[PDB]
Amino acid sequence: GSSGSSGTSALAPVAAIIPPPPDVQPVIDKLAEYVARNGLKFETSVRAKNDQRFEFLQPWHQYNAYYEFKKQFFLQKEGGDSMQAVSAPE
């Protein structure tokens, strides 16, 4: 093999989160809690698979928006630093 073909996506029209079906809801959450515990490094593996079951993870996909919400949930739920940003008014 080679591993490493077309590893870049373009800018697509995506905004706001959409409430997925009950068949995919539990399919996206299960992964969220998994990546929140294991680590973001896992997301890189699942993406490499690009399986029909793991399509919502894709950038173009709309469900991806929801996944981002879950990832943060389980994340902050078990941590989530603050990291203060340097002030710089006008």
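(A) Molecular detail of the overall build of the protein. Within the protein one finds 3 helices and 0 strands. The linear arrangement of helices and strands in the protein, starting from the amino end, is α-α-α. Relative to a compact globule of 90 residues, whose C-alpha radius of gyration would be 12 Å, the protein shows 16 Å and is clearly more extended. In terms of its C-alpha atoms, the protein occupies a principal-axis envelope of roughly 50 × 30 × 30 Å. Sequence separation of 24 or more characterises 68% of the internal contacts of the protein that already satisfy a separation of 6 or more. Accessible area for the protein stands at about 7700 Å²; split by element, carbon and sulfur atoms hold 50% of it.

(B) Examining the nonpolar core more closely. Grouped together as the largest cluster of nonpolar side chains are 11 residues: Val 24, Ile 28, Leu 31, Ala 32, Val 35, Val 46, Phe 56, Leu 57, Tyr 66, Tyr 67 and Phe 74. Those elements giving two or more residues to this core turn out to be α1 (25-37) and α3 (64-77). No other element matches α1, which puts 4 residues into this core. When neighbours within four sequence positions are excluded, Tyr 67 is seen to be in contact with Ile 28, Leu 31, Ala 32, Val 35, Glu 43 and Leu 57.

(C) Here's a closer look at α1. Counted at 1.5 Å a residue, the expected span for α1 with its 13 residues is 18 Å, and the 19 Å between its end C-alpha atoms agrees. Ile 28, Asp 29, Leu 31, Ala 32 and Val 35 are the residues of α1 that are buried. Within α1, the buried residues cover an arc of 165 degrees as seen down the axis, which keeps them to one side. Looking at α1, the residues exposed on the side facing more than 90 degrees away from the buried face are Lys 30 and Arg 37. On its buried side, α1 packs onto α2 (40-49) and α3. Among the residues trailing α1, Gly 39 stands out with phi positive, at a value near 145 degrees.

(D) Looking closely at the pattern of salt bridges. According to the stated counting rule, one finds 1 salt bridge in the structure shown. Between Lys 71 and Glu 43 there is a salt bridge, and its shortest N-O distance comes to 3.0 Å. Of this pair, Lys 71 sits in helix α3 while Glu 43 sits in helix α2; the two residues are 28 residues apart in sequence, bridging distant segments of the chain. Since its relative accessible area comes to 8%, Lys 71 is described here as buried. What makes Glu 43 buried here is its relative accessible area of 13%.

Here is what the cut-offs are and how they apply
- The residue numbers you see begin from 1 on each chain and track the sequence as written, which may not match the entry, and residues missing coordinates are not shown.
- Each side-chain value is derived from all of the structure's non-hydrogen atoms; neither hydrogens nor water enter the calculation.
- For the purposes of this entry, the term helix denotes a DSSP run of H or I that reaches at least four residues, the term strand denotes a run of E that reaches at least two, and both are numbered from the N terminus.
- With the radius of gyration taken over C-alpha atoms, the globule rule is written as 2.2 Å times the number of residues to the power 0.38.
- Between two residues, a contact is recorded if the distance between any of their heavy atoms is within 4.5 Å.
- For every accessible area listed, the method is Shrake-Rupley and the probe measures 1.4 Å; residues are considered covered only by the protein chains on display.
- By convention a nonpolar core is built from buried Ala, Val, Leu, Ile, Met, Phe, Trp, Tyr and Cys residues, the set being connected through side-chain atoms within 4.5 Å.
- When a residue's accessible area, from a 1.4 Å probe over protein chains only, is under 20% of the maximum for its type it is buried; when over 50% it is exposed; and in between it is partly exposed.
- By this rule the span expected of a helix is its residue count minus one, scaled by 1.5 Å.
- This arc corresponds to the set of directions leading from the helix axis out to the C-beta atoms.
- What makes a salt bridge here is a side-chain nitrogen of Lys or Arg within 4 Å of a carboxyl oxygen of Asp or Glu, nothing more.

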